[PDB]
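**Q** Chains as they are written, first to last, in the entry's author numbering: chain A, 3 to 108, 118 to 402, 437 to 645, 844 to 886, 910 to 1121, 1125 to 1173, 1207 to 1436; chain G, 13 to 351; chain K, 13 to 332, 341 to 351. Every residue gets a Cβ at the ideal spot worked out from N, C-alpha and C, and that includes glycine. The structure's right below; bear with me while I get my questions together.
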Amino acid sequence: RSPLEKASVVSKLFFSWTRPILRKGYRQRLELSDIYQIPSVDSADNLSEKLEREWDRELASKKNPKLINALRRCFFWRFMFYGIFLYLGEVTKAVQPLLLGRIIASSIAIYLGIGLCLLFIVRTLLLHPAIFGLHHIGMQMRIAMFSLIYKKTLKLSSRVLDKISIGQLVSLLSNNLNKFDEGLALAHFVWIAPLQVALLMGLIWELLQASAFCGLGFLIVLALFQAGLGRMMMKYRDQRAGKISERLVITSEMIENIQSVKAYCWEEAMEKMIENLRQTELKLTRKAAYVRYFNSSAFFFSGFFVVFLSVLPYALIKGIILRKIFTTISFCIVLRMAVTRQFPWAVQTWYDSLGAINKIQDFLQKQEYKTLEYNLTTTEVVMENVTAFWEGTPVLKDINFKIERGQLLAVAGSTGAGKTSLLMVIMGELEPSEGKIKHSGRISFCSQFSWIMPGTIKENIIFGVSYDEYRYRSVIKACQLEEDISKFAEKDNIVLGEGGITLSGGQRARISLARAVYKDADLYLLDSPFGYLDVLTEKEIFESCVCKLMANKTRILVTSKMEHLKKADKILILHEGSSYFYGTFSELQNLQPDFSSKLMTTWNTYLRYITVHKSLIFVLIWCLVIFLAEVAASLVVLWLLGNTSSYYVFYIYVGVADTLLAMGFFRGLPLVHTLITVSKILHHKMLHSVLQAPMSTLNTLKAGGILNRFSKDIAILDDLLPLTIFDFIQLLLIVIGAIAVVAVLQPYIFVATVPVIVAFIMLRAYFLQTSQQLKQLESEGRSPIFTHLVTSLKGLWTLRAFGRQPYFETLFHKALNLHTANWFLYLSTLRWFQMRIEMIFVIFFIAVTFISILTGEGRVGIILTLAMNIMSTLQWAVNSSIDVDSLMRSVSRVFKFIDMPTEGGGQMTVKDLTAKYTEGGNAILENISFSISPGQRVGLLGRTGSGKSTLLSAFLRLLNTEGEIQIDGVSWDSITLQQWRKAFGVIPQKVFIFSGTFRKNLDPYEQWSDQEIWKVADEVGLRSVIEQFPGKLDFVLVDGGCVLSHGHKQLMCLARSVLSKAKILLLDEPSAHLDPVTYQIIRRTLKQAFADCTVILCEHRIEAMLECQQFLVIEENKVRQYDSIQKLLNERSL
Amino acid sequence: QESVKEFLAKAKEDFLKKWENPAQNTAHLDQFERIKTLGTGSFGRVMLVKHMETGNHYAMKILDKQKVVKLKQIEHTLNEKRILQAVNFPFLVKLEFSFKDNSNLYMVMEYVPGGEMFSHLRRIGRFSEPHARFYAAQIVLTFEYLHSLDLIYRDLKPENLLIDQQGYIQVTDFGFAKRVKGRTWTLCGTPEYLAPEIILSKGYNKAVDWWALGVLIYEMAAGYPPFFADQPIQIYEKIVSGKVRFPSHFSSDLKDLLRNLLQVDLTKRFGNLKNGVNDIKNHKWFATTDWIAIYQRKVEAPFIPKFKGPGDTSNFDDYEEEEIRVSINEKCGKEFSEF
Amino acid sequence: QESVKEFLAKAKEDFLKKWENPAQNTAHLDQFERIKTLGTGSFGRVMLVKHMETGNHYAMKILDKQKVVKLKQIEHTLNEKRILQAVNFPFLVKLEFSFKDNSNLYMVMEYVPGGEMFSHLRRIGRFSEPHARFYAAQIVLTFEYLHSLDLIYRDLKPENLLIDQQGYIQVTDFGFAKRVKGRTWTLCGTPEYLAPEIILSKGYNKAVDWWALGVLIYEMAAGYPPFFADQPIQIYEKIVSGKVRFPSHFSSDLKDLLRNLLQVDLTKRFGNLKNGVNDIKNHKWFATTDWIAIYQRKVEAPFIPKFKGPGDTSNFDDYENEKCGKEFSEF
Ligand SMILES: Nc1ncnc2c1ncn2[C@@H]1O[C@H](COP(=O)(O)OP(=O)(O)NP(=O)(O)O)[C@@H](O)[C@H]1O
Ligand SMILES: [Mg+2]
Ligand SMILES: [Mg+2]
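Structure representation (structure tokens):
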């Protein structure tokens, strides 16, 4: 069924499984369905079976939940099998330079060259398969890592479910979503690197026997300094994070109030504040980048001293042949590359794995929900002495409820005041602490909060059932669901998506009632099912099914409605969590009549990135000239020397390509500084552009994309991009310099090297398309798993009621396998790319070696040694090119976002009014006309409730609108929009408040006097409103000014508008937002101070606007005018 | 050990002696009643009767003489007739005598009206967490005692165990067993309790006994046996597959012994390698398993029968009849010399 | 030390002579007004009155003797009366006169125009850090002065702290206070101020006052109690755990000292190890907190109440046979 299962041994070694996959991918666009079938051994159901069996065996075995000790029994044999070849290949690569310790004598070396060439093939064979094997082990383990906790998700106790952090599990899942899988490559490196040192030390003592630990101590000191720099780097990052979060909060606040900001014309102040805040974060980031650059450069710089100090003692003591010098250079290169890189990375990987193991082992051990032992056989259920806490506080006051088998029970009282908890406890969601509950157990419940998963009508109705024609028809016809179904487009198979927005809240309640009705059980724990429908609809649903069909069976509906409460078989009213009265219907109705009555990646993109800041070009020119001059000087030195012992020692300066071509400390810092400066310039440009964008395109994009436009993209630009770009540039320069040095050795090298580079470029280009397609597909598919997890989290209670968890497990496994298919495909393609690149490099090295062998001792040694080192640099270079390709996506997104178009007396006259949200959308006005009276308010009446916010926005032209607005003789065209809109006074339903002290929050422009501000605030009723604030006026508006109430915020907005001295002021929804005293104070203040303005108070209720003198009646597509109520009340309202 | 090993030796010292002294023709069909018939049985008749001389209610098995010979299950009952004769274990009900007629045979065993738990669990669906353990402990004790007798049970079905007045379960129907030492190819019964080697058609061993009890326990916990298929061929294929999913409500600690019980590896079957019964005796899911105290039967029953008199067959769903008068010639009467 | 210790010795000396000659029945309810009820408080009634003979506004703490007997708090009331009648410290509003009627007893206190700081903190949410230190310094001063007399307050709630016209806080509610040297097994009061030692139902010493003051500072800066739960049993369990997360705005210097103040170890509690208050005085959170200069209270206050006359109740809220006379023989 799977193509990789139909693979030969040689085909498996070549990993050519994706060869037709690559053939299709480089030809045509990616198709998700075209993915090859998942491996049989890769089945989530299969692997999780063994994982769970081992976990259970261990959990029973001993008093220590050592999950690692169990998973060792699952994986250690394969881990050691891969590690054996891995360590063998490491040993081979380490020992290979010693074989070069023979050719230096120059006949016989031809066989040595053939063997050295074959060593590359053997090492590549040993290396390449191991990465894929260990990574397959990693992905296999991770699948079960998700699976075990996912199964435990249906096992947790609800009492801790309300306490367990919802985001903690999400973060736990996301943390190892990619880290733990890739963290296996360094696993055996512990078992190898110490052995690598053991071999290398013996090699050195074989060459020296007297200078061994001299360079080892320098290497250890370098490792110590490098590790020490990390603590300072982490401290700098931690310091930067808080200010970055504050800046993000301010930016999010600006994003939420973008329309109000455009109205207030505060873009300049917002930009100035954002830049001023970002200045300190930029300083911290520059310091951190300097530290990181020093740390990264230390590794490249170490190579000179690493050989120099090791050689200096032996060389001074006695003479040494240069052959051993080249050999020691190679040996030390290997020793350093392992000591400085392999050991710490492996230590970090192991520590992270151990910590994750501890966390996972702790998580699974939590106390689980105990299922009720029921469904055997029973008559009418009964309860006795119900008393327990929902978390002390007895949710039930020794309650008892004997429900007849067939009866229709009901209870009333305060909503969710423990009656819902009593229902949950009866259903088994809450363990009763007192008394003894007995029930048949087969019973459905209907939570007040509907949990609708995606799926068609049949899916929502079945939830693991067959298609019953009569039952489905009865459910539709009885739950008011047949008409709503007919209202659906397909009307039978409308596959619902995520969010449930396709249906109304009463539609969701009808869905809940139908879902409860779908299965027959001993009881139906209804919880206010009619809570979202009209009274007539509720009565119809009751008479049809709720009080007709299932009432013949035992039923318990939480209903407070008096009319149904009269017909109930028994009632139970509880107050303060305690049943005040209950029992038979007539008996309870007669025992207390008084209570009864009372209660009832383009090259153009890269060029634009380069062209952002001119300093980058100068820095690049300086670095390039420095590199070229250094290479030329090295070539001149080599030529002069090749055609007293200090001259021999100077050959070591050429011996290490890393130190010879190292980016000078006097050069690298300017590159990163320019990177940071260009990032800051880009941030400022993006902020300025976002301030001017037209609202029509702004509404088209979702607002959360505006947050994502800077939440991570700017961070990636600041941190990731500079380091990667600099490392790639330095590595490329070093490699190119090595190539030039080798070409200087003999006049044949370039003729072969050029085809190798061209083929490498072609191969990289071919691999790039498939790699990008696979990465995008895998990233896109990952979301559905979290979607299913969130759906399960939302529906947990209803799922526990349904008991059909197997289908949810099937869905989760299917999604996990679907993601795993793409992940394995991408990993395999990357492995094939790595193997092919290694083969190309090996071929080039072999050809160069043969050419040199056919061809002076120092030149041969230099060429061979440079060849002996270039491989790791080339691999890092390929990885860096891939990383740059990955990083360029954020820059492309930023450039696309910046590439946006900009937005572009009291008497007044409007005409030819055309408006819409988008270009050519719903016509908000049909050539509408209106006249503004001098100093008199116009009542926004008529079609109130059909939407007046659009007309209010059109008063400032904040929508896709065009027409005529001739106010005071001035037109809508001559004046700039920033100057034309200022005359209007905004009174939004939601007040926009900048988080900060009152002085800044009320005066963003900062062009007034403090005494005048205090005098106006006293005139605007804010002095007393501010006397209760911290200090006098410096009180920072934390949480969006959470201290201020809605009426206080309205007063603040009115005061700010009065300070702006606007000629107009359109009011909106005064009584809707204001409390009684707040509305009274607002009316007094407006009628006192703002008496001299041509206002427009928009009110849905005509009575609230009845005080207005003028009246502008609204109607669908025609905003009429009614000067006087003598005709307005008789024609517009009547 | 100590008393346990010596008790097994005491039982073994007497087992072969009565195995060496079979009885024959202990009674004739002239002192019984025809009150009712609890059930039919595989290929025979069975009636609930009352002792004419004493009054003690007792069962009366029956089967056609030709049925033994035609289907090749004649001596299969010949061994079982002796096997039941000597047994002495509290869990099972003994027998008094047997009939020897020229048309059919009869077995005079106890008549416990407690009936099969198969019907009670069809009316109940699934047994509670300790409820199943209460029976499974007696199953373990029975398995030990019987395996000590150098016999293969080959008989573990919900239709094989009944209930007593005090609430103790009891098995019967020794036809499927064989007191075998060594390898054998014999196989019979229903595939619902089929073992992989039994389907594999090789020399069987005492290993499948644990598998049958494990299948019984797993099905008792959920009602639905892990193997369920339309035909025995598909069921035999599922048995060969060896893959199954335990109940979601099942205990994980019980799930460990569940994985142990159905272990396909015949060499590594739970309680088969070296410990015998000790590994089961130490199983976590039987933490509250007082072996010797349940042997005294002092433990309260998780579900006791609602008995309504010795003649009451209310726990039975039978009221039917059957009759026969007299014949003149048995089918292979020479074959019936030890029955 | 020097002058400060010389003053502390004189205060301790004069307190004994004051305690040995307590007054009783200093006045009758015949020279007061009934303008408004300042509040209830605990289980009593508070009202704002004006001295008919002089004119000075004075508070009157009414309480039913039947309430004292039925609530089993009569000896605490007598101890509170004696301690208030003998107190001598600038940090607190003194008691002027005592009333003893056949229906209830009143206690004359000075008019507090600044009102309770709890309402002000609810109006402003969170105080500035120097604003917190400004009150905390005088709180530490008064607490150590109470240590200079060896008494246990056994009461610490946000509403009990008033504010003066000078801006200094005003202390009141001396009910749970008692002059007992050693350990006491009595337990009562607010759960939010319940130390684990009191929660454990053991002998309680003065050491719990440091935890109370630390909780006061932490909540004053945070606006939310460090220990909070829906039920008191869960609140008692959380307090017994002795773990709480510091706010994001919390400074390292203040939060580290709060860790020593909230240390579950009562022996290791700050202000009880060896030096009394010297380790607290040297703390960097009090780096600029002039203990001696605050004796004159000359520091510029973080905020001043908007006083508009003693008769204005703007800061205050706008709301609305003796039982066992043998027990009340010294009132
Ligand atoms: N000791 C007993 N007392 C009373 N009824 C009994 C007893 N043993 C069996 N029965 C009943 O007899 C009925 C059928 O007879 P049975 O002994 O099971 O013949 P069978 O062929 O061996 N059954 P089986 O092999 O499983 O198909 C059973 O349903 C029991 O209810
Ligand atoms: Mg049968
Ligand atoms: Mg049977």
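(1) Over what stretch of residues does the alpha helix (DSSP H) that includes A46 (chain A) continue unbroken?
(2) Can you list, in chain order, the residues of its chain with a C-beta nearer than 6 Å to that of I1398 (chain A)? Leave out the 5 residues immediately preceding and following it.
(3) Mind listing which residues have their beta carbon within less than 6 Å of any non-hydrogen atom of ligand 2? Chain order is fine.
(4) Cβ-heavy atom distance between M119 (chain G) and ligand 1 below 6 Å?
(5) What are the partner residues of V393 (chain A), as DSSP defines its beta bridges?
(6) With which residues is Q1411 (chain A) paired in a DSSP beta bridge?
(7) By the 10 Å Cβ neighbour count, where 16 or more other Cβ atoms means buried, how is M64 (chain K) classified, buried or exposed?
(8) Give me the residue from A:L636, A:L937, A:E583, A:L172 with the minimum Cα distance to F861 (chain A).
(9) Candidates A:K481, A:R80, A:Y161: which alpha carbon is nearest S50 (chain A)'s?
(10) Who are the neighbours of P1332 (chain A) on chain K, taking C-beta pairs under 8 Å?
(11) Label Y216 (chain K) either buried or exposed according to how many other C-beta atoms from any shown protein chain fall within 10 Å of its C-beta, with 16 as the threshold for buried.
(12) The region 236-260 of chain K: which residues have C-beta closer than 8 Å to a C-beta of chain A, in chain order?
(13) Along chain A, in chain order, which residues have C-beta atoms closer than 7 Å to that of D268 (chain G)?
(14) Kindly indicate which residue of A:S42, A:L935, A:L871, A:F311 has the alpha-carbon position closest to the one of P5 (chain A).
(15) Within the 7 Å Cβ cut-off, does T438 (chain A) reach chain K?
(16) Looking at the strands, I want to know which residues DSSP matches up with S623 (chain A).
(17) Counting only beta-carbon atoms, is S131 (chain G) nearer than 7 Å to chain A?
(18) Following a CB-centred definition, is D329 (chain G) positioned closer than 6 Å to any heavy atom of ligand 3?
(19) To the nearest angstrom, how far is it from the Cα of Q43 (chain G) to the Cα of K79 (chain G)?
(20) Is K296 (chain G) close to chain A? Criterion is C-beta to C-beta, closer than 7 Å.
(21) Looking at C-beta atoms only, is the number of pairs between the region 457-467 of chain A and the region 496-512 of chain A that lie closer than 8 Å three or more?
(22) Identify the residues that DSSP records as bridge partners of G461 (chain A): which are they?
(23) List the endpoints of the continuous alpha helix (DSSP H) containing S321 (chain A).
(24) Return yes when the C-beta of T184 (chain G) is under 6 Å from any heavy atom of ligand 1, and no when it is not.
(25) Considering only their Cβ atoms, is the gap separating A1018 (chain A) from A1113 (chain A) smaller than 7 Å?
(26) Is DSSP giving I497 (chain A) helix, strand or coil here?
(27) Tell me which same chain residues have a C-beta within less than 7 Å of the C-beta of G126 (chain G), skipping the five on either side of it?
(28) Flag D265 (chain G) as yes if its beta-carbon sits less than 7 Å from any beta-carbon of chain A, otherwise no.
(29) In terms of residue numbering, what span does the beta strand (DSSP E) encompassing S549 (chain A) cover?
(30) Entirely within the region 160-199 of chain G and at least 3 residues each: give me those beta strand (DSSP E) ranges in chain order.
(31) Just to make sure I have the definition right: I need the residues of chain A whose C-beta is within less than 8 Å of the C-beta of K318 (chain K). Which are they?
(32) Identify the contact partners of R271 (chain G) in chain A, using a Cβ-Cβ distance below 9 Å as the criterion.
(33) For the 8 Å Cβ check, are there 3 or more pairs between the region 340-349 of chain A and the region 313-326 of chain A?
(34) Residues in the region 313-337 of chain A with C-beta within 8 Å of chain K's C-beta atoms, listed in sequence order?
**A** Put simply:
(1) Here the alpha helix (DSSP H) through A46 (chain A) covers 46-63.
(2) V1240, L1242, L1368
(3) G:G53, G:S54
(4) no
(5) A:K483
(6) Answer by DSSP bridge pairing: none, since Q1411 (chain A) is not bridged.
(7) exposed
(8) A:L937
(9) Comparing C-alpha distances from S50 (chain A) to each of A:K481, A:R80, A:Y161 shows the shortest one belongs to A:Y161.
(10) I136, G137, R138, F139, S140, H143, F315
(11) buried
(12) Taking 8 Å as the Cβ-Cβ cut-off against chain A, the residues of the region 236-260 of chain K that qualify are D242, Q243, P244, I245, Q246, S260.
(13) Neighbours of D268 (chain G) on chain A, chain order: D58, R59, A62.
(14) Closest by alpha carbon: A:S42.
(15) yes
(16) Under the DSSP definition of a beta bridge, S623 (chain A) partners with A:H620.
(17) no
(18) Not so, every heavy atom of ligand 3 lies at least 6 Å from the Cβ.
(19) 25 Å
(20) yes
(21) no
(22) None, per the DSSP bridge assignment.
(23) Segment 278-328, the alpha helix (DSSP H) holding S321 (chain A).
(24) yes
(25) Yes, Cβ-Cβ distance for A1113 (chain A) and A1018 (chain A) is below 7 Å.
(26) coil
(27) Apart from sequence neighbours up to five positions away, the residues of its chain that approach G126 (chain G) with a beta-carbon distance below 7 Å are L174, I175, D176, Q177, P317, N327, ordered along the chain.
(28) yes
(29) First-last for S549 (chain A): undefined, no H or E at that position.
(30) 173-175, 181-183
(31) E1329
(32) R55, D58, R59
(33) yes
(34) none
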